[PDB]
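Q: Sharing a structure here in structure tokens format.
There are 4 protein chains.
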Amino acid sequence: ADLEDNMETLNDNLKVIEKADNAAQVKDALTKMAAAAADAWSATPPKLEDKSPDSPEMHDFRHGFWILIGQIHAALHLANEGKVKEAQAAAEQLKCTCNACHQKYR
Amino acid sequence: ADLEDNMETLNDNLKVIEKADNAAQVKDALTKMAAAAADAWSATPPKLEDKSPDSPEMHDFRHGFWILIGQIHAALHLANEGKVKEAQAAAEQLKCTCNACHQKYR
Amino acid sequence: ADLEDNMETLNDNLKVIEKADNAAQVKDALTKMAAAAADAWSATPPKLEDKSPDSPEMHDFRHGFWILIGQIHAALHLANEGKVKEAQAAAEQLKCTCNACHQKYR
Amino acid sequence: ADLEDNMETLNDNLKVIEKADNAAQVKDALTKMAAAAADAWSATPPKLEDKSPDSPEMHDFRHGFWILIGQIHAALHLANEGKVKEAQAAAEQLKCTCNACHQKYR
Ligand code: HEC
Ligand code: HEC
Ligand code: HEC
Ligand code: HEC
Ligand SMILES: [Ca+2]
Ligand SMILES: [Ca+2]
Ligand SMILES: [Ca+2]
Ligand SMILES: [Ca+2]
Ligand SMILES: [Zn+2]
Ligand SMILES: [Zn+2]
Ligand SMILES: [Zn+2]
Ligand SMILES: [Zn+2]
Numbered sequence: 005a006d007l008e009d010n011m012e013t014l015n016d017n018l019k020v021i022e023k024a025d026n027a028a029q030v031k032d033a034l035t036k037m038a039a040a041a042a043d044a045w046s047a048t049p050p051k052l053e054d055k056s057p058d059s060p061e062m063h064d065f066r067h068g069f070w071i072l073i074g075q076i077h078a079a080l081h082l083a084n085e086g087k088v089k090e091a092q093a094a095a096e097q098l099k100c101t102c103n104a105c106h107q108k109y110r
Numbered sequence: 005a006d007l008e009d010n011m012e013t014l015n016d017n018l019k020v021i022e023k024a025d026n027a028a029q030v031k032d033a034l035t036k037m038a039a040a041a042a043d044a045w046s047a048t049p050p051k052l053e054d055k056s057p058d059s060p061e062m063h064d065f066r067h068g069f070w071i072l073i074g075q076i077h078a079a080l081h082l083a084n085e086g087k088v089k090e091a092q093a094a095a096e097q098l099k100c101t102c103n104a105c106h107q108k109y110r
Numbered sequence: 005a006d007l008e009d010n011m012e013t014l015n016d017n018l019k020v021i022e023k024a025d026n027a028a029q030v031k032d033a034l035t036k037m038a039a040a041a042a043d044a045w046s047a048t049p050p051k052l053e054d055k056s057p058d059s060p061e062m063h064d065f066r067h068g069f070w071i072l073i074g075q076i077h078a079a080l081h082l083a084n085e086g087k088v089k090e091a092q093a094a095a096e097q098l099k100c101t102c103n104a105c106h107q108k109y110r
Numbered sequence: 005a006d007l008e009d010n011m012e013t014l015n016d017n018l019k020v021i022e023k024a025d026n027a028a029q030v031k032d033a034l035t036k037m038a039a040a041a042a043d044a045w046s047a048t049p050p051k052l053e054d055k056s057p058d059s060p061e062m063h064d065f066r067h068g069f070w071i072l073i074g075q076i077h078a079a080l081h082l083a084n085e086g087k088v089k090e091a092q093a094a095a096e097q098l099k100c101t102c103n104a105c106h107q108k109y110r
């Protein structure tokens, strides 16, 4: 899909997890975030369309999604062990990424 | 879906990656493998039907999918940087995780 | 060093982190655990000395340390951001690994 | 140690890995690179002396070492399975992380 669409999914499902109650809501939100993150991974942001597909900036932008995807799956690891509260905490801690990448490329 | 269905999707797209020609081909297979692996993550294999869901055996079973998905996303990292031959070798290498879990639980 | 020595380091520093107060104690304990885990990674446990260096069992044993090392560094990630309490939680959650691997190879 | 000292250790052992012949050689270099990277993790680069330690810029700076150490341990995974040529190619590939952080903060 489209990069701003992916970011909406990321942000909505982030708030679903905060308000979630059971383990199925959390696990399904995290699944949607993973899918969106993997979709964004191949997009070119506005402020980088001038640079080369193989530039260090583009590499760095993609690395931001690699990191986020790992964190989302580390949260899925916890939720699939039944530790729903610890998975919600991990989803909160994810924030350091959405903000590091925004500061540079949003 | 079924654990067996997930395993069929993993096996099929592994073969696709070994025969692919273009990066978009390798990229779509890895993406399907990641989803199948995430869905398999929650399953109980027959050999463990009797164990408690919080036993170490189920913990260890789920860890296999966590390591597998991490390897799939590392291959996706190479694919999305354009390095298709490297992604294909990455897909080849992750058969150590397939074989390790099969020896234990298949 | 020696595998039982590494396990002592792992277990001691695990309890240092629980009792820790500031961010330097936690970060230094986690550093020692990482070093021990990386040292154990190349050892052969008692109950596996019969099998081949390249057997799926040996692969699986090493994968256990790869996983643990990642978790320790995910905890270092948090401690280096100043989130000492969240790093202590992550060190607690590490437990699913020490127990999954013990159940199989200890 | 100094950030500059850590960078020198990283650079030196990268060269060692490209010229190595035996697995023990590749394994010791990666191990030294992992320690240098963990020690660099806490440093402040000159370009960021003015930013707050909890700014997104420092978060992003520290994330670079987290991704780098993950890549180093993935190469160590191959090395400890005996696949030295694969570990050497893994070391080669992680220069994307070197170049990405240098473009931003060196
Ligand atoms: C545990 C963590 C596993 C990992 C990692 C992989 N597989 Fe697997 N696989 C697993 C089980 C328990 C089973 C048996 C399920 C059952 O109900 O019997 C399987 C089975 C397969 C099969 C057989 C499928 C069939 O139609 O009968 C295949 C072809 C297969 N697995 C492939 C496969 C690949 C390619 C993997 C890595 C990419 C892999 N599996 C990992 C458990 C686990
Ligand atoms: C940030 C996350 C970095 C990563 C990843 C890597 N490096 Fe780096 N490096 C970084 C900085 C801020 C600096 C400058 C430090 C300063 O005080 O000026 C450097 C510098 C180097 C150097 C120069 C060393 C010197 O003696 O002047 C080298 C040779 C170097 N870096 C190598 C290197 C390699 C091989 C890396 C990946 C394996 C790598 N760096 C990653 C910040 C970051
Ligand atoms: C790069 C590595 C990013 C990461 C990680 C995250 N986001 Fe982001 N996001 C990024 C860009 C380049 C943009 C702008 C794209 C554009 O077309 O302008 C965004 C945008 C958003 C927005 C605003 C979207 C809007 O229509 O206003 C939000 C609310 C947002 N992103 C949320 C978000 C969250 C919660 C993240 C962490 C889970 C996250 N993003 C990560 C680049 C990157
Ligand atoms: C394999 C992947 C392991 C992981 C992960 C952890 N441990 Fe372990 N441990 C392992 C083995 C094969 C052994 C026995 C080795 C032997 O020579 O007999 C151990 C041993 C221990 C012990 C007891 C040591 C003793 O002298 O009695 C403890 C207390 C211990 N290990 C702790 C520990 C912790 C806290 C771990 C997680 C952080 C952990 N181990 C992981 C194999 C593996
Ligand atoms: Ca069948
Ligand atoms: Ca079948
Ligand atoms: Ca100097
Ligand atoms: Ca110098
Ligand atoms: Zn962070
Ligand atoms: Zn392996
Ligand atoms: Zn676990
Ligand atoms: Zn890269």
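So the sequence lines, in the order shown, correspond to chains B, W, F and S.
Sequential numbering from 5 applies to the first sequence in my numbering.
Sequential numbering from 5 applies to the second sequence in my numbering.
Sequential numbering from 5 applies to the third sequence in my numbering.
Sequential numbering from 5 applies to the fourth sequence in my numbering.
Heads up, the beta-carbon is just placed ideally off N, CA and C, and yes, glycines get one too.
1) Is the beta carbon of residue 31/B sitting closer than 9 Å to the one on residue 46/W?
2) Please list, in chain order, the chain F residues whose beta carbon lies closer than 7 Å to that of residue 81/W.
3) What residue ranges within the region 16-47 of chain S form continuous alpha helix (DSSP H) runs of no fewer than 4 residues, ordered along the chain?
4) What's the gap between the Cα of residue 85/F and the Cα of residue 72/S?
5) Compute the distance between the beta-carbons of residue 93/S and residue 93/W, then report whether it is under 9 Å.
6) Does the distance from the CB of residue 42/W to the CB of residue 14/W come in under 9 Å?
7) Helix, strand or coil, according to DSSP, for residue 12/S in the structure here?
8) Who are the near neighbours of residue 105/B in its chain, counting only those whose CB is closer than 6 Å to its CB and skipping five residues on each side?
9) Note down, in chain order, every chain B residue with its Cβ under 7 Å from the Cβ of residue 41/F.
10) Could you tell me the distance, in whole angstroms, from the CA atom of residue 103/B to the CA atom of residue 64/B?
11) Count the other C-beta atoms from every protein chain shown that fall within 10 angstroms of the C-beta of residue 110/B, then say buried if there are 16 or more, exposed otherwise.
12) How far does the alpha helix (DSSP H) with residue 60/B in it extend, from its first residue to its last?
13) With a 10 Å radius around its C-beta and 16 neighbouring C-beta atoms as the bar for buried, classify residue 53/F as buried or exposed.
14) Less than 9 Å separating the beta-carbons of residue 90/W and residue 22/W?
15) Could you work out which residues of chain S lie near residue 85/W, taking near to mean beta carbons separated by less than 7 Å?
16) Counting only Cβ-Cβ distances shorter than 8 Å, please list the residues of the region 31-59 of chain S near chain F, keeping chain order.
17) Please say whether residue 18/W and residue 33/W have beta carbons closer to each other than 9 Å?
18) Taking residue 9/B as the reference, which of 29/B, 25/B, 36/B, 20/B has the closest Cα?
19) Just curious, the alpha helix (DSSP H) that residue 5/B is in, first and last residue?
20) Please classify residue 50/F as buried or exposed, where buried requires at least 16 neighbouring CB atoms within 10 angstroms.
21) Excluding sequence positions up to five away, which residues of its chain have a Cβ less than 7 Å from the Cβ of residue 61/S?
22) May I ask whether a heavy atom of ligand 3 can be found less than 8 Å away from the beta carbon of residue 34/B?
23) Along chain B, in chain order, which residues have C-beta atoms closer than 8 Å to that of residue 90/F?
24) How big is the Cα-Cα spacing for residue 5/B and residue 40/B?
25) Which one of 48/W, 24/W, 25/W, 59/W has the shortest CA to CA distance from residue 120/F?
26) Just to confirm my understanding: we take residue 83/W, look at its own chain, exclude 5 residues before and 5 after, and list those with CB closer than 8 Å. What are they?
27) Does the CB of residue 78/W have a neighbour CB from chain S at under 9 Å?
A: In terms of the structure at hand:
1) yes
2) Chain F residues near residue 81/W: none, gap ~15 Å exceeds 7 Å.
3) 27-44
4) 17 Å
5) yes
6) No, the Cβ-Cβ distance between residue 42/W and residue 14/W is not below 9 Å.
7) helix
8) 68
9) In chain order: nothing, as chain B lies at least about 17 Å away.
10) Cα to Cα, the separation comes out at about 14 Å.
11) exposed
12) 60-84
13) exposed
14) no
15) 100
16) 31, 35, 38, 39, 42, 45, 46, 57, 58
17) yes
18) That would be 36/B, whose Cα lies nearest to the Cα of residue 9/B.
19) The continuous stretches of alpha helix (DSSP H) do not include residue 5/B, and DSSP gives it neither H nor E.
20) exposed
21) 52, 55
22) In this structure, residue 34/B has its CB at a distance of at least 8 Å from all heavy atoms of ligand 3.
23) 93, 97
24) 8 Å
25) No answer is possible for residue 120/F: the residues shown for chain F start at 5 and end at 110.
26) Excluding sequence neighbours, residue 83/W sits near 27, 30, 31, 34, 91.
27) yes
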